[PDB]
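Participant: Quick one, fold the following:
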Amino acid sequence: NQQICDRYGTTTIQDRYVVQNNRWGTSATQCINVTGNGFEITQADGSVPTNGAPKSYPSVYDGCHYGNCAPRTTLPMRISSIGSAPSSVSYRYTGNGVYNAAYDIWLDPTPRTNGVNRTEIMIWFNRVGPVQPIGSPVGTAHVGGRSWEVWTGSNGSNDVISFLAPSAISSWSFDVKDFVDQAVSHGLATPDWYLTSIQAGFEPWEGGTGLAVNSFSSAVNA
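Facilitator: Numbering: from 1, shown residues only. Find the structure here:
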């Protein structure tokens, strides 16, 4: 068990995925406790307005995020070269707090390993409290055999397309490629762009202790 409280502290699990505290949206103290297979939020002080950005995005990922790349990742990879991108996550939720649980999947026109990427795909597995994605809703989509409320917009730095589940999803194993294809169909990428990372975690606005990622997997097959 490793406790990480530093704003941008990271480590790895399974010698394969990066786990990051990623406390980008507040100065208030946040800590995660990283086990062999996932992490738990153990400190999540303070709160920020629900009509704005969240406190943070503690998460586990495959690929590269600001130059920190998961061991043996095959990302970045051109979208058109991807045969499948199977990923899974299992979450533990709490009745208290204001937060989401979400995948954050990044695309760029270049095989980017560092810096801000152009397109962000969020898949919201759960929402507790009056949290809403970036932008505005543009309709419903069926992806991976599930129904999603789709939102599109910009956070000021990059474009964002979000897929909101109608009710809490505790765990799901699916092909990230199906969501990448939806980004393309919405004009937020082309098949010649690149998939750069696949991340899963939480975005807390208030509270957040006790939340956990029980497990995670990601593979990107050519």
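Participant: All the helices of the protein, residue numbers only.
Facilitator: 176-185 (DSSP state H).
Participant: Give me the distance between residue 53 and residue 158.
Facilitator: 13 Å (CB to CB, to the nearest Å). Every residue, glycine included, has its C-beta placed from N, CA and C.
Participant: now swap in residue 81 and tell me
Facilitator: 23 Å.
Participant: Ok, residue 200 next?
Facilitator: Residue 200 is 19 Å from residue 158, by CB to CB.
Participant: now swap in residue 27 and tell me
Facilitator: Taking CB to CB as the measure, residue 27 falls 23 Å from residue 158.
Participant: Please say which of the two ends up with more neighbours.
Facilitator: residue 158 (16 against 10; other CB atoms under 10 Å).
Participant: Please tell me I have it right and that one contacts residue 118.
Facilitator: Yes - between residue 158 and residue 118 there is a contact under CB atoms under 8 Å: 5.7 Å.
Participant: who does the biggest strand by length in the chain touch, helix- and strand-wise?
Facilitator: The strand that spans the most residues within the chain, counting by DSSP state E, is strand 194-206. Applying 3 or more CB pairs under 8 Å, 6 or more residues apart in numbering; DSSP states H and E, one finds that strand 194-206 makes contact with strand 39-44, strand 59-65, strand 77-78, strand 86-92, strand 98-108, helix 176-185, strand 212-218.
Participant: now those in a markdown table, with distance to residue 6 and mean neighbour count?
Facilitator: Output for these, formatted as a markdown table (distance: least, CB to CB, whole Å; neighbours: other CB atoms under 10 Å):
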| stretch | distance to residue 6 | mean neighbour count |
| --- | --- | --- |
| strand 39-44 | 12 | 22 |
| strand 59-65 | 15 | 26 |
| strand 77-78 | 30 | 16 |
| strand 86-92 | 24 | 19 |
| strand 98-108 | 20 | 24 |
| helix 176-185 | 29 | 19 |
| strand 212-218 | 19 | 21 |
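Participant: Looking at the ones you listed, spot the one closest to residue 10.
Facilitator: strand 59-65 (9.1 Å; CB to CB).
Participant: Tell me which strands the closest one pairs with, and in which orientation.
Facilitator: Strand 59-65 has the following strand partners under DSSP bridges: strand 17-20 (antiparallel), strand 68-69 (antiparallel), strand 194-206 (antiparallel).
Participant: between the ones you listed, which gets nearest to residue 47?
Facilitator: With CB to CB as the yardstick, what comes closest out of those is strand 194-206 (3.9 Å).
Participant: Report the angle between that closest one and strand 98-108.
Facilitator: Strand 194-206 runs at 160 degrees relative to strand 98-108, counting by axes from the mean of the first three to the mean of the last three CA atoms, to 10 degrees.
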